[PDB]
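For reference, the structure discussed in these notes is given below.
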Amino acid sequence: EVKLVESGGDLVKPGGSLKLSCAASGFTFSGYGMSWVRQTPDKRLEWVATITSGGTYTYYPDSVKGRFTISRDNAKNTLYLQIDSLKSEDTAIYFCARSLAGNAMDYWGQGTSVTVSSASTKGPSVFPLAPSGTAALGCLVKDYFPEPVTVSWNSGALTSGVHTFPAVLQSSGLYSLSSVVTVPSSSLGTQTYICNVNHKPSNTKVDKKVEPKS
Amino acid sequence: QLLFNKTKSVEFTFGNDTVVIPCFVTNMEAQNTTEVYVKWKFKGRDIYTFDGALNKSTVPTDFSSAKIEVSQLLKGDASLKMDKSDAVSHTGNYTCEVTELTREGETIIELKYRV
Amino acid sequence: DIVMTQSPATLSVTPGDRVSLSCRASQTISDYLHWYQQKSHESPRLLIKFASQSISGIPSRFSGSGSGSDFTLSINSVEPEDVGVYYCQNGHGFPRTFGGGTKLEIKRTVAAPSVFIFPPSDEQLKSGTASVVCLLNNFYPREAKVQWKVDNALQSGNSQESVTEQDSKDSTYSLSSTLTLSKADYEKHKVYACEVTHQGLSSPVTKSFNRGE
Ligand SMILES: *[C@@H]1O[C@H](CO)[C@@H](O[C@@H]2O[C@H](CO)[C@@H](O[C@@H]3O[C@H](CO[C@H]4O[C@H](CO)[C@@H](O)[C@H](O)[C@@H]4O)[C@@H](O)[C@H](O[C@H]4O[C@H](CO)[C@@H](O)[C@H](O)[C@@H]4O)[C@@H]3O)[C@H](O)[C@H]2NC(C)=O)[C@H](O)[C@H]1NC(C)=O
Ligand SMILES: *[C@@H]1O[C@H](CO)[C@@H](O[C@@H]2O[C@H](CO)[C@@H](O[C@@H]3O[C@H](CO)[C@@H](O)[C@H](O)[C@@H]3O)[C@H](O)[C@H]2NC(C)=O)[C@H](O)[C@H]1NC(C)=O
Ligand SMILES: *[C@@H]1O[C@H](CO)[C@@H](O[C@@H]2O[C@H](CO)[C@@H](O)[C@H](O)[C@H]2NC(C)=O)[C@H](O)[C@H]1NC(C)=O
Ligand SMILES: *[C@@H]1O[C@H](CO)[C@@H](O)[C@H](O)[C@H]1NC(C)=O
Ligand SMILES: *[C@@H]1O[C@H](CO)[C@@H](O)[C@H](O)[C@H]1NC(C)=O
Numbered sequence: 003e004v005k006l007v008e009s010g011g012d013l014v015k016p017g018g019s020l021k022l023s024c025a026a027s028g029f030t031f032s033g034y035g036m037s038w039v040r041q042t043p044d045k046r047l048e049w050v051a052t053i054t055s056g057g058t059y060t061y062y063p064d065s066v067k068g069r070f071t072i073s074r075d076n077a078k079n080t081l082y083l084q085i086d087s088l089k090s091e092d093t094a095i096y097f098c099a100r101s102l103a104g105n106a107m108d109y110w111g112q113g114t115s116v117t118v119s120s121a122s123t124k125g126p127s128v129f130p131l132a133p134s135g136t137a138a139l140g141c142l143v144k145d146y147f148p149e150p151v152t153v154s155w156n157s158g159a160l161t162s163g164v165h166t167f168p169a170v171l172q173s174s175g176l177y178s179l180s181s182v183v184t185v186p187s188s189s190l191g192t193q194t195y196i197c198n199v200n201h202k203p204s205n206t207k208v209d210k211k212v213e214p215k216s
Numbered sequence: 075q076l077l078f079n080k081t082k083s084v085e086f087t088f089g090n091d092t093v094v095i096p097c098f099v100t101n102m103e104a105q106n107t108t109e110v111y112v113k114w115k116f117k118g119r120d121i122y123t124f125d126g127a128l129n130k131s132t133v134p135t136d137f138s139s140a141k142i143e144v145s146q147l148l149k150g151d152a153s154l155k156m157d158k159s160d161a162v163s164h165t166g167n168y169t170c171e172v173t174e175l176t177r178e179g180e181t182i183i184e185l186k187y188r189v
Numbered sequence: 056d057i058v059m060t061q062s063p064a065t066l067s068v069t070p071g072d073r074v075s076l077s078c079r080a081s082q083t084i085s086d087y088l089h090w091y092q093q094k095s096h097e098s099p100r101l102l103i104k105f106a107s108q109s110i111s112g113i114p115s116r117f118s119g120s121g122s123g124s125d126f127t128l129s130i131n132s133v134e135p136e137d138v139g140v141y142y143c144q145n146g147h148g149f150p151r152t153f154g155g156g157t158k159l160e161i162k163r164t165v166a167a168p169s170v171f172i173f174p175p176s177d178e179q180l181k182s183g184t185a186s187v188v189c190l191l192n193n194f195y196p197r198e199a200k201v202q203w204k205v206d207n208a209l210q211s212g213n214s215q216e217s218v219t220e221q222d223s224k225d226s227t228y229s230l231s232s233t234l235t236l237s238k239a240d241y242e243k244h245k246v247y248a249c250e251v252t253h254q255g256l257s258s259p260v261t262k263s264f265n266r267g268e
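Protein chains in written order, with our numbering: chain A, 3 to 216; chain B, 75 to 189; chain C, 56 to 268.
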C-alpha cells in the first residue's frame with residue numbers, strides 16, 4: 003500500500019526556518035513527481051511546491067517562491083520541504099502528495115502542523131467534566147498553545163460515543179478544548195475513565211481520571 | 075509554457091509508409107512519463123490520449139490505429155502516428171496538447187492529402 | 056492568477072439524491088480539472104482526474120463532467136458517509152489552484168439534543184477561574200440556541216460555543232458551550248442554568264445546578 007508520512011512540523015518564530023520531511027513507501031518513489039500542499043486554519047488548500055521525479059526541476063507559486071525549497075532523496079525515498087523566512091501566513095497543516103500530470107495528487111500523507119508565532123508554547127491544564135439511562139463525562143483541556151492537542155480515552159480503548167470538539171481561541175491567546183464521552187449511567191463508579199491528552203508542541207502528556215463527584 | 079518546434083502543415087500520399095503528425099516540445103522538463111499527459115484533438119474531438127501515470131492510450135473507433143512512441147515522449151516527441159486509411163477521411167487542423175506537472179502547451183498542425 | 060469558484064459553499068442534500076456539485080474556472084482549462092474529497096479529520100483524496108476519469112478504489116457513484124470553464128461532480132444516490140468537503144483543482148493554468156470547497160451536509164429527521172451541564176471542578180476553582188460547560192449531544196438540525204442564566208439572569212459576552220462536524224453514521228451534530236466566570240463572581244450565585252432552544256424541543260429545555268449541591 004502507498005504510504006506517505008510527514009514529520010517536522012513545530013511551533014517556530016517568525017523569520018525562523020524549518021525543514022519538513024516525508025517518508026514514502028509502497029511505490030517506486032523515483033518514478034513520480036511529488037508535491038507539498040498546505041491547508042490553512044480557514045480550511046483552504048494551497049499548493050506550495052512540486053518537484054520532478056529525478057529532482058532536477060522545482061516549481062513554486064509566487065507566494066512562496068524564493069523562500070521555500072523542495073528536494074528529494076530517491077535513494078532514501080524521502081521528500082523534503084525547507085521553509086525559510088517564515089511568516090504568520092505560513093501557519094498551516096502541510097501535506098506531501100504523490101503527483102501526476104496536471105498535478106493530480108493521487109496519494110496524500112496525514113499532514114504535519116506548522117505554527118509561526120513569537121508566542122511561547124504552553125501545555126494544557128486538564129480538568130474533569132464529572133458526570134452528574136445515558137450519562138456524559140469528559141475533560142476540559144484548557145489554556146494551551148499552539149494547536150493541536152490529541153485526546154484519547156482509556157488509551158484508545160474507548161472510542162464509541164466520544165466527541166472531541168474544535169478548540170476555541172480565548173481572549174488570552176490560549177486555546178481551550180472539550181472532549182466528552184456518553185456512557186451507560188450504570189457504568190459510573192464501576193468503570194474507570196481516563197482522558198489521555200498529548201500536546202506535542204510543549205512535549206507534555208497528561209492523563210486525568212474522571213470520576214463522579216463525591 | 076511548453077514551446078514547440080512548430081509546423082504549419084504536413085502532406086501525405088498513399089505512397090507514404092505511414093502518417094506521422096509532428097509534435098515536438100523544445101523545453102520538456104518531465105523526467106518520467108508518470109508526469110505527462112498527451113491529448114490529440116481533431117475537429118473538437120479528442121482522438122488520442124496517452125495517460126502516462128497509467129501507461130494507457132485511448133482512441134475512438136475511427137482512429138483505432140493512432141499511437142505515439144512512448145519511448146520518445148520525454149525527448150519532447152509527442153508525434154501522432156496513424157494508418158493512411160484513418161488519415162484520408164480526417165484531413166484538417168490537428169491539435170497536440172502536452173501537459174506536465176505544472177506546465178503545458180498546445181500546437182496546431184494541418185494534415186493535407188496531396189499527390 | 057486563475058480563480059476556481061465553488062458555489063454554494065455549503066450544500067444540504069437528501070440520502071438517495073443524485074447530487075451535482077459545481078466548479079467554475081476564471082479561464083478555459085479544457086478538461087484539465089480534478090476533484091478531491093476530504094472527510095473530517097482526514098486528508099483529501101483524489102476522486103476524479105481530468106474532469107471525468109474515475110480513480111481506482113473510489114465508489115462508482117462518483118462521476119464528473121464538463122469541459123472548458125464549467126465542471127460538475129456527480130454523486131448518484133448520495134449516502135450519509137459522503138459528508139465532507141469537495142474541492143476542485145485546475146490541471147491547466149498557473150498556479151495549480153484549489154476551489155474554496157463545497158461542504159456536503161446530509162438532511163435527516165429532527166433529533167432533539169440530549170443536554171448535560173457540568174459545574175466547574177473544585178481544582179479549577181482554586182486558580183481563580185470557573186468554567187461551566189453545557190453539552191448538546193447528537194441533535195439535528197445544526198441550528199440550536201444555548202442561553203446561559205446565572206440565578207435566572209441572562210448572561211452575555213462570556214460564553215463560547217463549539218460544534219462538531221456532522222457525523223458520518225447518524226448524521227447528527229454535537230455542541231458544547233462554555234461559560235467563563237471569575238471565581239469571585241462564581242461564588243456569589245447559586246443557580247447555574249443552561250437553556251436550549253431547538254426545533255426538536257416542543258419547549259426550551261433548561262438544565263441547571265446549584266453551586267455546592
Ligand atoms: C518511471 O517510473 C516507473 C514507475 O512509475 C518506472 O518503472 C518501474 O521501475 C521500477 C524500478 O526498475 C520497478 O521496480 C521494481 O519492481 C519489481 C516488481 O514489479 C512488478 O511486480 C509487482 C508485484 O510485486 C507488480 O505490482 C508490478 O506491476 C510489476 O509487475 C521488483 O521486482 C523490483 O524489486 C527490486 O528492486 C528493489 C529496490 O527498488 C529491491 O528491494 C528488490 O529486492 C528488487 O531488487 C523493483 O521494485 C517497477 O516495477 C516499474 N514499474 C512499472 C509499472 O513498470 C520507470 O523505470 C521510470 N522511468 C524512467 C526512470 O525512465
Ligand atoms: C509502462 O510500461 C512499460 C512496459 O511496456 C514499462 O517499462 C518496462 O518496465 C519493466 C519493469 O521495470 C521492464 O521489465 C524488466 O526490466 C528489467 C531491467 O532490464 C529486467 O531485469 C526485468 O527482467 C524485466 O524485463 C521492461 O523492460 C520495461 N520496458 C520498457 C519498454 O521500458 C514502464 O515502466 C511503464 N511506465 C509506467 C507504468 O509509468
Ligand atoms: C509523407 O512522406 C513525405 C516524404 O517522405 C514526408 O515528407 C518529409 O517529411 C520529413 C519529416 O518532416 C522531412 O524531413 C522531409 O524533408 C520531407 N520530405 C519532403 C520531400 O518533403 C511527409 O512528412 C510524410 N507525411 C506524413 C503525414 O507522414
Ligand atoms: C527543435 O529544433 C531544433 C532546430 O532544428 C533542434 O535542434 C531541436 O532538437 C528540436 N527539438 C525537438 C524536441 O525536436
Ligand atoms: C488550420 O488552422 C489555421 C488556423 O489555426 C487556419 O488558418 C486554416 O484554415 C485551418 N485549416 C483548415 C480549417 O482546413
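C-beta atoms are modelled at their ideal positions from N, C-alpha and C, and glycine is treated no differently.
Query raised in the report: So, helix, strand or coil for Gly-56(A), using DSSP?
Result: If DSSP states are grouped into helix, strand and coil, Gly-56(A) belongs with coil.
Query raised in the report: From which residue to which residue does the alpha helix (DSSP H) around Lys-181(C) run?
Result: Looking at the DSSP string, the run of the alpha helix (DSSP H) that includes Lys-181(C) is 177-181.
Query raised in the report: What distance in whole Å lies between the Cβ atoms of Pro-99(C) and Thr-157(C), which are believed to be in contact at a cut-off of 8 Å?
Result: About 13 Å separates the two Cβ atoms, so there is no contact after all.
Query raised in the report: At a cut-off of 8 Å, is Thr-100(B) close to ligand 4 when judged by its beta-carbon and the heavy atoms of the ligand?
Result: Of the heavy atoms belonging to ligand 4, at least one sits nearer than 8 Å to the Cβ of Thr-100(B).
Requested in this report: Please go through the stretch 192-261 of chain C and give each complete alpha helix (DSSP H) segment of 4 or more residues, from N-terminal end onward.
Outcome: Qualifying alpha helix (DSSP H) stretches, in chain order: 238-241.
**Report entry** Same chain, Cβ closer than 6 Å to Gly-33(A), neighbours up to 5 away in sequence not counted
**Finding:** Same-chain partners within the cutoff: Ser-55.
Query raised in the report: With DSSP run on the structure shown, which of helix, strand or coil describes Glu-136(C)?
Result: Helix, per DSSP.
**Report entry** Continuous beta strand (DSSP E) assignments of at least 3 residues falling wholly in the stretch 115-160 of chain C
**Finding:** Within the stretch 115-160 of chain C, the complete beta strand (DSSP E) runs of at least 3 residues are 117-122, 125-131 and 139-145.
Query - Under 7 Å from the C-beta of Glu-109(B): neighbouring residues of chain C - result: Those within 7 Å of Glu-109(B) in chain C number zero; the least Cβ separation is about 12 Å.
Query raised in the report: First and last residue of the alpha helix (DSSP H) that includes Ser-23(A)?
Result: Counting along the chain, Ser-23(A) falls outside any alpha helix (DSSP H), though it belongs to the beta strand (DSSP E) covering 20-27.
Query raised in the report: What whole-angstrom Cβ distance do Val-246(C) and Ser-263(C) have, given they're in contact under 8 Å?
Result: That pair is a contact at about 6 Å.
Query raised in the report: Is there contact between the stretch 101-109 of chain B and the stretch 51-71 of chain A, where contact requires at least three CB pairs shorter than 8 Å?
Result: Cβ pair count under 8 Å is three or more, so yes.
Query raised in the report: Since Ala-137(A) contacts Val-185(A) with CB under 8 Å, what's their CB separation in whole angstroms?
Result: Yes, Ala-137(A) and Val-185(A) are in contact; Cβ-Cβ is about 6 Å, under 8 Å.
Query raised in the report: How about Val-205(C) and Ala-248(C): are their beta carbons less than 9 Å apart?
Result: When the beta-carbon positions are compared, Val-205(C) and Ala-248(C) come within less than 9 Å of each other.
Report task. With DSSP as the reference, label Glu-8(A) as helix, strand or coil. Result -> In this structure, DSSP gives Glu-8(A) an extended state, which the three-state scheme calls strand.
Query raised in the report: When DSSP labels each residue in this structure, what does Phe-171(C) get in the three-state scheme?
Result: Under the three-state reduction of DSSP output, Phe-171(C) falls in the strand class.
Report task. Give the residues of chain B in contact with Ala-103(A), contact being defined as C-beta atoms less than 7 Å apart. Result -> The answer, in chain order, is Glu-109, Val-110, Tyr-111, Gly-126, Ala-127, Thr-173, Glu-174 and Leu-175.
Query - Proximity test, Cβ basis, 9 Å: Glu-85(B) and chain C - result: It does not: the Cβ of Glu-85(B) has no partner Cβ on chain C nearer than 9 Å.
Query raised in the report: Three or more C-beta pairs closer than 8 Å, one from the stretch 153-162 of chain B and one from the stretch 82-99 of chain B: is that the case here?
Result: Under the three-pair Cβ rule at 8 Å, the stretch 153-162 of chain B counts as touching the stretch 82-99 of chain B.
Query raised in the report: Cβ-heavy atom distance between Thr-81(B) and ligand 7 below 8 Å?
Result: This structure lacks ligand 7; the ligands present are ligand 1, ligand 2, ligand 3, ligand 4 and ligand 5.
Query raised in the report: Using the beta-carbon of each residue, which ones in chain A are nearer than 7 Å to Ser-98(C)?
Result: Near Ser-98(C) (Cβ distances below 7 Å), the residues of chain A are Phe-97, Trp-110, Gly-111, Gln-112 and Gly-113.
Query raised in the report: Which residues share a DSSP beta bridge with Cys-189(C)?
Result: For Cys-189(C), DSSP records a beta bridge to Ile-172(C) and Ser-232(C).
Report task. Check the DSSP bridge columns for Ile-85(A) and list the partner residues they point to. Result -> Answer is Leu-20(A) and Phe-70(A), bridged to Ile-85(A).
**Report entry** Chain-ordered neighbours of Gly-56(A) on chain B, where CB pairs are closer than 9 Å
**Finding:** Near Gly-56(A) (Cβ distances below 9 Å), the residues of chain B are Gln-105 and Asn-106.
Query - Whole-number beta carbon distance between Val-143(A) and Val-151(A), since they are thought to touch under 8 Å - result: The pair is a contact, with the Cβ atoms about 6 Å apart (cut-off 8 Å).
Query raised in the report: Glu-178(B) by DSSP, collapsed to three states: which one?
Result: Three-state result, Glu-178(B): strand.
Query raised in the report: Hey, out of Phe-117(C), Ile-84(C), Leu-234(C) and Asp-125(C), whose CA is closest to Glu-134(C)'s CA?
Result: Nearest of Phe-117(C), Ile-84(C), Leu-234(C) and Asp-125(C) to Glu-134(C), Cα basis: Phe-117(C).
Report task. Check the Cβ-Cβ distances between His-147(C) and every residue of chain B, and say whether any is below 9 Å. Result -> Residue-level contact check: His-147(C) touches chain B, since one or more beta carbons of chain B fall below 9 Å from its beta carbon.
Report task. Just list the beta strand (DSSP E) runs in the stretch 129-166 of chain A, keeping only unbroken ones of 3 residues or longer that don't cross its boundaries, in chain order. Result -> If we require 3 residues or more, the beta strand (DSSP E) runs fully inside the stretch 129-166 of chain A come out as 136-146, 152-155 and 164-166.
Requested in this report: Could you have a look at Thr-83(C) and say whether DSSP puts it in helix, strand or coil?
Outcome: Coil, per DSSP.
Query - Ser-211(C) to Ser-81(C) span [Cα, whole Å] - result: Computed Cα separation, rounded: 44 Å.
Query raised in the report: Roughly how many whole angstroms lie between the Cα atoms of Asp-72(C) and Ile-103(C)?
Result: The alpha-carbon atoms of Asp-72(C) and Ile-103(C) are separated by roughly 20 Å.
Query raised in the report: Roughly how many angstroms separate the alpha carbons of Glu-3(A) and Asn-79(A), rounded to a whole number?
Result: Computed Cα separation, rounded: 15 Å.
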